[PDB]
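Remarks on the structure that follows.
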Amino acid sequence: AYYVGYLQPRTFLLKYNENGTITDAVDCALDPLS
Amino acid sequence: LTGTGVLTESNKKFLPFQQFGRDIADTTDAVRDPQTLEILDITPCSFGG
Ligand SMILES: *[C@@H]1O[C@H](CO)[C@@H](O[C@@H]2O[C@H](CO)[C@@H](O[C@@H]3O[C@H](CO)[C@@H](O)[C@H](O)[C@@H]3O)[C@H](O)[C@H]2NC(C)=O)[C@H](O)[C@H]1NC(C)=O
Ligand SMILES: *[C@@H]1O[C@H](CO)[C@@H](O[C@@H]2O[C@H](CO)[C@@H](O[C@@H]3O[C@H](CO)[C@@H](O)[C@H](O)[C@@H]3O)[C@H](O)[C@H]2NC(C)=O)[C@H](O)[C@H]1NC(C)=O
């Protein structure tokens, strides 16, 4: 099975850990709390 | 990537695709050598009043 999606220009916040890997992100447009 | 400074050995790991590293205020802290898989820190040259 396969899936398809489309990207749009948006603003994210990304978290880096000591080793330098991405571990979490936040989407500025999702809801007022984000 | 160009600049001035003192190049020293370092103890920082990296991912096979990463070239450079930064401090918070967009400051180049370290560089990876192309010829060999090594990481050098950069320190400013001494100055003062
Ligand atoms: C970032 O990477 C470092 C280095 O790998 C992580 O520290 C290391 O974590 C392991 C546990 O996964 C510690 O145990 C070691 O596991 C290996 C593989 O089983 C084993 O061969 C060793 O004998 C040892 O038992 C390891 O001690 C530790 N390294 C040090 C120097 O203490 C670290 O956890 C990573 N940071 C993360 C994931 O946030
Ligand atoms: C291209 O880059 C490679 C590595 O990215 C360079 O290869 C390295 O060259 C050094 C010599 O300058 C090698 O050290 C010597 O090689 C022998 C081979 O038996 C080994 O016993 C010792 O390591 C010895 O000191 C090194 O092994 C070799 N490979 C690495 C570092 O992974 C290469 O010189 C660069 N230039 C060219 C024209 O290929």
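Chain identifiers are assigned as A, B, and so on, following the order in which chains appear in the structure tokens; residues are numbered from 1 within each chain, and ligands are numbered from 1 in order of appearance.
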Could you tell me, counting only C-alpha atoms and all ligand atoms, which protein and nucleic acid residues lie no more than 9 Å from ligand 2, written as an NGL selection string? :B and (34-37)
Could you save the residues just selected, with N, CA and C atoms, as a tab-separated table (two decimals), in the first residue's frame?
```tsv
chain	number	residue	atom	x	y	z
B	34	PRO	N	37.82	18.32	4.91
B	34	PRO	CA	37.41	17.52	3.75
B	34	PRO	C	38.30	16.30	3.53
B	35	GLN	N	39.62	16.51	3.57
B	35	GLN	CA	40.57	15.43	3.30
B	35	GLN	C	40.43	14.29	4.29
B	36	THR	N	40.23	14.60	5.57
B	36	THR	CA	40.11	13.59	6.61
B	36	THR	C	38.88	13.87	7.46
B	37	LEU	N	38.35	12.82	8.08
B	37	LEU	CA	37.16	12.93	8.93
B	37	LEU	C	37.59	13.38	10.32
```
Distance limit 10 Å, atoms considered: only C-alpha atoms. Which chain B residues sit that close to chain A? Return them as a list in words.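 Therefore, the residues near the partner are residues 12, 13, 14 and 15 of chain B.
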Export C-alpha atoms of the chosen residues as a compact mmCIF listing (two decimals), in the first residue's frame?
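So again31.txt came out as:
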```txt
# COMPACT_ATOMS: atom_id res chain seq x y z
CA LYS B 12 32.57 16.57 19.24
CA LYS B 13 30.66 13.87 17.39
CA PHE B 14 28.92 14.48 14.07
CA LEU B 15 26.59 12.91 11.50
```
Excluding residue 14 (chain A) and its own-chain neighbours fewer than 3 positions away, which residues fall within 10 Å of it when counting only C-alpha atoms? Please give them as a PyMOL selection string. chain A and resi 11+22-27
Pick out the residues sitting within 8 Å of region 41-47 of chain B, and hand them over as a list in words; count only C-alpha atoms, and ignore anything fewer than 3 positions along from it in its own chain.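 Residues near the query, excluding close chain neighbours: residues 4, 5, 6, 7, 8, 9, 10, 28, 29, 30 and 31 of chain B.
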Report, in Å with one decimal, the straight-line distance from atom 35 (C, counted along the ligand's line) of ligand 1 to CA of residue 17 (chain A).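 Taking atom 35 (C, counted along the ligand's line) of ligand 1 and CA of residue 17 (chain A), their separation equals 8.9 Å.
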Of the candidates A:4, A:28, A:16, A:34, which one gets nearest to ligand 1 if we count only C-alpha atoms and all ligand atoms? A:16
So how many Å separate atom 4 (C, counted along the ligand's line) of ligand 1 and CA of residue 11 (chain B), to one decimal?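 Interatomic distance, atom 4 (C, counted along the ligand's line) of ligand 1 to CA of residue 11 (chain B): 12.2 Å.
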What parts of chain A does DSSP call strand (DSSP E or B)? I'd like the answer as a ChimeraX atom specification. /A:12-16,22-27
Writer output for current selection, C-alpha atoms, as a PDB file, in the first residue's frame:
```
ATOM      1  CA  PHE A  12       8.130  24.946  12.453  1.00  0.00           C
ATOM      2  CA  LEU A  13      10.070  24.943  15.701  1.00  0.00           C
ATOM      3  CA  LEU A  14      12.590  22.093  16.012  1.00  0.00           C
ATOM      4  CA  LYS A  15      14.342  20.664  19.077  1.00  0.00           C
ATOM      5  CA  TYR A  16      17.925  19.368  18.973  1.00  0.00           C
ATOM      6  CA  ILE A  22      15.827  16.036  15.970  1.00  0.00           C
ATOM      7  CA  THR A  23      13.496  14.849  18.736  1.00  0.00           C
ATOM      8  CA  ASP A  24      10.428  17.128  18.644  1.00  0.00           C
ATOM      9  CA  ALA A  25       8.758  19.845  16.596  1.00  0.00           C
ATOM     10  CA  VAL A  26       5.905  22.342  16.863  1.00  0.00           C
ATOM     11  CA  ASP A  27       3.634  23.696  14.103  1.00  0.00           C
TER      12      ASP A  27
END
```
